[PDB]
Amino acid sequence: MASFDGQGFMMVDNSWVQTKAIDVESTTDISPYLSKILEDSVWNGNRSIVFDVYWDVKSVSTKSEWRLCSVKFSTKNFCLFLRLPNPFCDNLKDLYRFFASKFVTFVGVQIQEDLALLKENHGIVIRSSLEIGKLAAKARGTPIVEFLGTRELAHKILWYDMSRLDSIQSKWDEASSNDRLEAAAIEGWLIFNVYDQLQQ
């Protein structure tokens, strides 16, 4: 299959996240990596995929223009990181089709504005999504969690140690590429566990 041969990281409960970052381009086939994510979601994930999307902004002095520059998919064992070109290449069809799948649910934190931007700027549609803060808010009856970011939401639901995460993110500008990737992988693993808890 497709190997997630990038730098891995150990979480605070000893479990491991395998990573792969791909600079997608006209000739890159990401179907095997997406295939892996889905497989892991079906077997070991209760059909969830935690995701985040990252924007680049240009031409702010004129009329600011937002473009999706990368997306993260995290399952139980994997964290896939796709850096997207500008503009998209047609093979990214696969990504559009993936995001629209109902085989799974795309779990994210504060994603209201993202879903809008994805539609407006790229026509990317996510038919099966869950803004997990809203679900936590209802299920736990504690209204604050609707408004927390990834870390603080995870802290109110899981109370795991987040020392390493907090460390990397407090000095974000100085963090190496490997460090940035690690934080992303932790955030992924954290939200995966917030969902695991809310689904049972």
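So that there is no doubt, residue numbering starts at 1 and follows the sequence shown.
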Item to check | Greater mean Cα temperature factor according to the PDB record, 155 to 163 or 58 to 66 | outcome: 155 to 163
Checklist entry - Can you tell me which of 34, 49, 135, 53 has the highest Cα temperature factor in the record? => result 135
Item to check | C-alpha B-factor winner, where the candidates are 119, 72, 76, 102 | outcome: 76
Next on the checklist: Quick check on the deposited entry: does the C-alpha B-factor of residue 38 sit in the lowest, middle or highest third of its chain?
Outcome noted: lowest
Checklist outcome for this item: Of the three thirds of the chain ranked by Cα temperature factor, residue 91 occupies the highest
